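Just one chain follows, in the form deposited in one PDB entry, and it is written as structure tokens.
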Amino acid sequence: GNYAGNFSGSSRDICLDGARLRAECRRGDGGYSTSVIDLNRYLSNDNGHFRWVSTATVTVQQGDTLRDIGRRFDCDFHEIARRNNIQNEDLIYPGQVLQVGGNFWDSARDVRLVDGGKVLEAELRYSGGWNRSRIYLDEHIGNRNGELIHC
């Protein structure tokens, strides 16, 4: 079915201010706002590929594996491991607090909007070089009463 975001139908002059997405957004009342959303909070660089992963923490439960958590959050468990300085990817412990999500900007270059502001593209660092990647921002960026929000 539809994307959940669809900000682009109700927004114009879509711009990037570094990792921050800015637009003139329509408000319920016929007026306009200028709103910004920090895309570095919502997009990860998943070994060379844009992935929607919200900056968050996850507490390990008994029986979890890094693969399962990888699957639950859609991301390379190898990077979860490095980012959280995990000595052995097969050893995690209940109550362990793992940082996940965001942070694409730190390993991106040539970042720009294409397709009338609907698509973000970048060269993203991977284990072996730089990969060109694009992501449809309407998937998860929405306009609620003139504010850009993740949904």
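Only residues modelled in both forms are compared. Definition used throughout: the rigid core is the maximal C-alpha set that superposes within 1.5 Å between two forms. Sequential numbering from 1, following the sequence displayed.
Below: the form deposited in another entry, not depicted.
> Which one of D90, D110, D29, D106 is the only residue whose C-alpha moves by 2 Å or more between the shown form and the other one, after superposing on the core?
Comparing both forms, the shifted residue turns out to be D90.
> Once the two forms are fit on the core, has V119 moved its CA by at least 2 Å between the shown form and the other one?
False for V119: its C-alpha shift is below 2 Å.
> Does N47 show a Cα shift reaching 2 Å between the shown form and the other one after rigid-core superposition?
No.
> Once the two forms are fit on the core, has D64 moved its CA by at least 2 Å between the shown form and the other one?
Yes, the C-alpha moves 2 Å or more.
> What moves between the shown form and the other one once the core is lined up, counting runs of 3 or more consecutive residues with C-alpha shifts of 2 angstroms or more?
Only one moving run appears between the shown form and the other one, namely 59 to 96.
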